[PDB]
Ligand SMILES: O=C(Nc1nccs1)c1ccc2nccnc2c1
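Shown below, as C-alpha cells, is a lone chain in the form deposited without the ligand; questions about how it binds or moves come after it.
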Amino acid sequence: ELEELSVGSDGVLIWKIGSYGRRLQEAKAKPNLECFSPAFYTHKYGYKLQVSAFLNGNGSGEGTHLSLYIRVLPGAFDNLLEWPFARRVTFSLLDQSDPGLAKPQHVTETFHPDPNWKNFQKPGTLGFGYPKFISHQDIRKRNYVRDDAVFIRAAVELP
C-alpha cells in the first residue's frame, strides 16, 4: 500500500497525534487504549517500525504520564536484514515553539535495543518503551501540546 511508501527521513519519523484532548479522556477511561503511528521503514529497504503511545500512561506511568513504545513489524525485506534489530532509537516529544525565538526544548529518551529479549527479533509467519516518558504536569508545560496536537518523533540511527 502506501505503507511501503512511508520511509523515514534519514531514519526519522514524525508522527502527529491530533484531537489530543478527546483522546486523553478516552485513555483515562480505558487505560488500555493505544495510539499507533503509521508504519515506516528505517531506510529504503529496511526494517518496518511502528510507534505507539499511551496518553494516560501504562504500567508505572499509568494515570500519571505519557507512555511511548516502538515495535518491529513484518516487512518485505526482512530476509535481507541483520537480525536482531540492533539500531538505537531516540524518542522525542516535540516542543512546538518557533525555533526562531529559542532552542525549543524537547523531552527525549534513547535506548539501545537489547538482544537479550525476543522483542526485536525477526518477525515471523510490544517492542521497547518508556512508561514514564513525560508526566502530565510536564506535558502541560511549554508547547508540547499545541493546537490540540502532539508530535512524536522517532529517530533511528543509521549506519
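Don't overthink the numbering: it's just position in the shown sequence, from 1.
Missing here is the form deposited with the ligand bound; even so, the following discussion is about that form.
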### Summary
Only hit among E26, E109, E34, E62 for heavy atom within 4.5 Å of the ligand in the deposited bound form is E34
### Message
Since the partner isn't included here, can you check whether the ligand sits close to all of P104, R142 and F151 in the deposited bound form (heavy atom within 4.5 Å for each)?
### Response
no
### Task
Decide whether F54 counts as a contact residue for the ligand in the deposited bound form under a heavy atom distance cut-off of 4.5 Å.
yes
### Task
Answer yes if any heavy atom of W117 is within 4.5 Å of a heavy atom of the ligand in the deposited bound form; otherwise answer no.
yes
### Message
Would you classify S92 as touching the ligand in the deposited bound form, given a 4.5 Å non-hydrogen atom cut-off?
### Response
no
### Query
How about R87: is it within 4.5 Å of the ligand in the deposited bound form, going by heavy atoms?
no
### Summary
Those residues of 104 to 136 with a non-hydrogen atom no more than 4.5 Å from the ligand in the deposited bound form are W117, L126, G127, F128, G129
